[PDB]
Structure formats: structure tokens, C-alpha cells
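Consider the single chain below, provided in C-alpha cells and representing the form deposited in one PDB entry.
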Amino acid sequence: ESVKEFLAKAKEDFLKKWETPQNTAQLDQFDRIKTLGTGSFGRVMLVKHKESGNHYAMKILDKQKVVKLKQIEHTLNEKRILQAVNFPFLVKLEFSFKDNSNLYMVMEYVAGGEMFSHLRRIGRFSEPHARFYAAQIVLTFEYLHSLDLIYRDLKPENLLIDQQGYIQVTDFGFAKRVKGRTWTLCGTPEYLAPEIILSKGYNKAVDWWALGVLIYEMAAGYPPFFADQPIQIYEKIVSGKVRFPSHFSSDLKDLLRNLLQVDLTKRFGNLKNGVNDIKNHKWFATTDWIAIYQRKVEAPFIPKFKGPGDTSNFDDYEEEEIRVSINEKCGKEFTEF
């Protein structure tokens, strides 16, 4: 099969860079321009390389809070996986480094903004529009899962739209090389698979569940399981109960029932034929999978930008001084970064 040979070469490329793991830039070299997004352990900023003039997105992670919160291996996973993967819908890592206080991952800047903000503004995507983004996610998961990688935080906020309207997956914070089961409670509440909530030990099937939530939210405008308190969200997820907007196509409802299948014996993507059950589903019958990979399909929506470093597609955030200590912090814990 063409696909199988492709994946096998992708694995070879990956394992080589997987053993390439240092300090390929320094903070000194970048003007920090604007915060693009804030998170629990730091922020992502638009920066500009002062000498070349290129713009990038720099994720800053505070080493101390990372250590305090038992996130060292996650943080090492994030950077190691991001540098070794290579796929048209995965954001590029251009530099990474560390200092006395922080870890830094300098990515290509995807100026289109979060899928989340366009989705909330438009309200909901049409089924062809949703299908265009989903197809790219299906191929990306087939690729990552082929290298024994689980992604574990699919949601609109982690999907960026590029200048051609295609998807760039960012935020590899929970990505992990996994053959077999893993056990860490992580992800985003509205998107967690039931086996994660129930602490049963899980595998790549949790990514196919998240795809079903993603497709549901893209098409409906809201996710299938949400409530005021996350305990209520988890009760819904675990219940095996999903109501569909009447405006959903019957094909869309059938695909969602098979991805939002709480029984792993039945969840699409986890059966004998693997990802092919999703690719072959009637909801995708009009999808040219090779054309999507080659990025030859005309996107349904292209964000507008006014030159490089434009940030109009991002919310505004409270800025703050980047705290870098006079003393090295947590040196031993991050030697491999």
C-alpha cells in the first residue's frame, strides 16, 4: 500500500530525529512583541528575530512551576516530539533553549489565529467546512499514531489556521510516545475520553474520541458534553449519552456515534481496520485524502492578515515582565532540554 510505505518512511525519519536531542538560540536574539495566548505554566508570544527580521511564536515555560506541578516529563516530551515530527499540519519548531528561569520553544508563527475564535465568531461551521478541518486531523492522527505517539489535547484552541486556511496543530504539552496503555490524567475537560475519567488506562483511542467532540463542536457550535461544574461534564461523558442537533446530517450523526462510542470494542479508529473505518465512512465519501495532504484543496475560509507580525486574529492579553532569575533554577531537572 502507498500509505503503509509512506508511514514506514515517516517512522524512519522520526526515530532519527528522536535521538537528535540543544540550545539553538537565546532570549537575547528576539524582540518580544505581544502575547498570543496565556497558559498555566506561561505564555506564547509573538517575537521577532532582531537580526533576520523573521517573526516566530515563542512558548515560555517557567521551570519552577513545571517542577512544582510534576510536569517535567511532559515538558521534555513536548519539546522532543515537536522537534522530531514532520507533517504538513504540525507546527514547525525553529528554535528551543533554556535559561535560569524558563524553557523556550520558538515555533513558526501561524498568524491566522485559533480555530476557536473563528468558530465562536462564525457560530458554527458548515459540514463541508467542518469536514475540511477534520480530514486534516484524521491524517495527522494516522501519522502520529503510526509513530506510537498519542496527542491528548485536541480542541479548537490548539488548532491554528495558516495563511492558506489549513490547520497547524500546536500545544504538544501532553504528547507522549506510547506503545500500550498510559495512565496520566490530562487533556481538556470537555474533550476527555471516558477511559481517562474512569482511570482505566488508555491508548491512542482517546484521540479518536476527541476528534468526535471536535467534529461535533465545529458543526454544532458547542461541544456535546458541557456543564457548569466539571463533575457534571464527566458524568455526561461517562454516561454514553449524546444528543445531536436536528440540522446534523444522518451521515454526520452516524460517524459521531461511532467515534463517541464509550465502548472501546466499538469506537472507530480502534477497530481491526484502524483509521480506515473513519476514512471510508460515508460522511467522508467526497474527501480526496491525497489532495488534502498535498494541500491542493481550496480552503473554505482564509483569514486575513496585514503583513508579517500582524496579530489581529488573536485576542488581547494582559502583558507582563518576563521574570528571569540571576540564579539558575532546576538545572538538574532539565538537563535533557
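Think of the rigid core as the biggest set of C-alphas that the two forms share within 1.5 Å after superposition. Counting begins at 1, following the sequence as shown.
A second form of this protein, the form deposited in another entry, is not displayed here; the remarks below concern that form.
- Taking the core as reference between this form and the one not shown, the lone member of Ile196, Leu211, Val106, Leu144 whose Cα moves by 2 Å or more is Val106.
- Put the two forms on the same core and the Cα of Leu69 is off by 2 Å or more between this form and the one not shown.
- Once both forms are overlaid on the rigid core, the distance between the two CA positions of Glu94 between this form and the one not shown is 2 angstroms or more.
- For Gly39, a C-alpha deviation of 2 angstroms or more is recorded between this form and the one not shown after rigid-core alignment.
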